[PDB]
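Working notes for the structure below.
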Amino acid sequence: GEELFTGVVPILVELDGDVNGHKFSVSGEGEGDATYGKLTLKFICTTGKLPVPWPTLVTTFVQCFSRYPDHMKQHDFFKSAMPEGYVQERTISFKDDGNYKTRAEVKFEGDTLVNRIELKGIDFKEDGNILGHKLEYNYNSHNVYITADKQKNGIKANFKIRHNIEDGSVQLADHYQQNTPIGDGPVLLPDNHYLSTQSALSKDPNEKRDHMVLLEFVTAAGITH
Ligand SMILES: [Mg+2]
Ligand SMILES: [Mg+2]
């Protein structure tokens, strides 16, 4: 399972979204190298202008690329579910605003790791920080706190994303996450631990389409050795 991740793996991301009736699609391409916890992805909005801020979709757009230190490798659910993959569902609750609900399937298609996502956003304020595009194009580091869910043979996660608002305030986005294997083979059910995530957003100077370039580093931590 983890043997599938010893080198560079091509990644494809495909999202279909509806936020307050704004219909959009995004296509992403890049690669992951779990040895270094490293993701490089470029996303393009193929329907035109993205109707929400790019940073609000970063978490939705492959935790199998996390670097699990050797001493913690028995806690890596994500790779253990491969190649058949996992379903990842989230509720992302924007404080004093709407919510996203997402359902993704993360699995190999041949030697490529694919993240296919459906996103539904409801109850957003017309000129809140999301639909009013008041969020800065940047990102703060965070931890993803993981716990086992033995009855669904899976995991749960909970974490807080803090999106910087252009006036110096912060837009909280509470994340609740559940992952379950697609296949029936055994998976690793971890002790409590977290993923330390650092994300940097940029633009391709040669790209005229609405887009996001993401560099992310993710390292598992939190288990005593
Ligand atoms: Mg290794
Ligand atoms: Mg134990």
Side-chain angles (χ1 to χ4, degrees), residues 2 4-17 19 24-68 76 78-79 81-83 85-90 92 100 102-119 121 135-144 157 159 161-164 173 175 177 179 195-220:
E2 75 174 286
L4 300 177
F5 290 91
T6 51
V8 179
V9 179
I11 300 163
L12 303 168
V13 180
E14 295 287 333
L15 179 146
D16 283 337
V19 174
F24 68 95
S25 307
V26 176
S27 291
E29 300 181 25
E31 60 184 36
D33 201 350
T35 295
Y36 310 98
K38 182 180 183 174
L39 293 172
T40 52
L41 293 164
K42 175 181 176 186
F43 301 96
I44 300 164
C45 179
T46 58
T47 51
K49 236 52 197 145
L50 194 72
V52 300
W54 280 110
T56 66
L57 297 184
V58 168
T59 52
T60 294
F61 294 144
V62 291
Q63 290 167 334
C64 51
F65 291 101
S66 302
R67 188 178 71 79
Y68 273 76
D76 192 346
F78 310 99
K79 293 183 191 61
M82 295 299 160
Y86 54 79
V87 180
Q88 179 163 298
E89 293 190 316
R90 299 211 181 91
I92 302 173
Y100 298 160
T102 64
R103 187 186 183 276
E105 294 193 5
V106 184
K107 71 183 169 248
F108 279 90
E109 295 293 342
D111 294 323
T112 294
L113 191 284
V114 177
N115 182 16
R116 289 177 44 120
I117 314 128
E118 296 170 287
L119 180 150
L135 300 177
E136 299 183 343
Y137 187 72
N138 54 34
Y139 213 87
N140 294 306
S141 306
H142 69 275
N143 296 334
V144 175
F159 53 106
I161 297 301
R162 305 156 184 286
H163 298 296
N164 294 345
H175 286 58
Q177 175 183 334
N179 297 63
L195 312 172
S196 168
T197 305
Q198 308 145 289
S199 313
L201 314 186
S202 63
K203 295 296 187 180
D204 174 355
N206 290 310
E207 181 61 67
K208 295 181 191 88
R209 291 165 296 176
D210 200 4
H211 74 282
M212 172 171 68
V213 179
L214 173 69
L215 173 64
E216 190 157 285
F217 289 98
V218 186
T219 310

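By convention here, the first residue in the shown sequence is residue 1. The figures here come from the full heavy-atom set of this structure, side chains too, leaving out hydrogens, waters and symmetry mates.
The shortest distance between side-chain heavy atoms of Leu57 and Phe43 does not fall below 4.5 Å. The side-chain heavy atoms of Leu201 and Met212, taken from C-beta on, include a pair separated by under 4.5 Å. Looking at heavy atoms from C-beta onward, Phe65 lies out of side-chain contact with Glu216 at the 4.5 angstrom threshold. Counting heavy atoms from C-beta outward, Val106 and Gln63 have side chains that stay 4.5 Å or more apart. Proximity of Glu29 to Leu12: side-chain heavy atoms (C-beta onward) are separated by under 4.5 Å at one or more points.
The two residues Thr102 and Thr60 make their nearest non-hydrogen contact at CG2-OG1, 3.8 Å. Closest approach of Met82 and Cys64 over heavy atoms only: CE-SG, 4.2 Å. Scanning all heavy atoms of the two residues, the minimum distance from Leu15 to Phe24 falls at CD2-CE1, 3.5 Å. The shortest heavy-atom contact between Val9 and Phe108 is CG1-CE2, 3.8 Å. The two residues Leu214 and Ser199 have their closest heavy-atom pair at CD1-CB, 4.0 Å. Taking all atoms of both residues into account, the shortest heavy-atom contact from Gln198 to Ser141 is CG-OG, 3.6 Å.
Within the model, atoms CG of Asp16 and CZ of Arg116 stand 8.0 Å from one another, a figure rounded to the nearest 0.5 Å. Separation of atoms CG (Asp33) and CD (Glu31) is listed at 7.5 Å; rounding is to 0.5 Å. Distance check, rounded to the nearest 0.5 Å: CZ of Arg67 to CG of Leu195 gives 11.5 Å. Here the straight-line distance linking atom CZ of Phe61 with atom CD1 of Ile117 works out to 6.5 Å at 0.5 Å rounding.
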Please test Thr197 against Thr59 for side chain to side chain contact (heavy atoms under 4.5 Å, CB included), starting from the C-alpha separation and ending with a verdict. CA-CA 10 Å; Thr197 305; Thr59 52; over 6 Å; no
Could you go through the side chain to side chain contact (heavy atoms under 4.5 Å, CB included) check for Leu215 and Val213 one step at a time? CA-CA 7 Å; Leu215 173 64; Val213 179; over 6 Å; no
Take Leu119 and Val19, measure what side chain to side chain contact (heavy atoms under 4.5 Å, CB included) needs, and give me the verdict at the end. CA-CA 8 Å; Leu119 180 150; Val19 174; 3.6 Å; yes
What verdict does the side chain to side chain contact (heavy atoms under 4.5 Å, CB included) test give for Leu50 and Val26, after you've listed the backbone C-alpha separation in whole Å, the side-chain angles of each residue and the deciding distance to 0.1 Å? CA-CA 9 Å; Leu50 194 72; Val26 176; 3.8 Å; yes
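Aromatic pair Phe217/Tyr36: centroids not less than 6.0 angstrom apart.
Below 30°, between 30° and 60°, or above 60°: for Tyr139 and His163 the angle between ring planes is above 60°, a perpendicular geometry. A tilted orientation is assigned to the rings of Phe78 and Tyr68, their planes being inclined by 30° to 60°.
A donor-acceptor contact shorter than 3.5 Å links the side chain of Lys79 to the backbone of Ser66. Within the 3.5 Å criterion, the main-chain N or O of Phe159 finds no donor-acceptor partner in the side chain of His142.
Shown here is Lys42, whose NZ atom has more than 12 heavy atoms of other residues, nucleotides or ligands within 6.0 Å. Within 6.0 Å of CD in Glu136 there are more than 12 heavy atoms belonging to other residues, nucleotides or ligands.
Salt-bridge formation is detected for the pair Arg103/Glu105: a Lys NZ or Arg NE/NH1/NH2 atom is positioned less than 4.0 Å from an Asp or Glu carboxylate oxygen.
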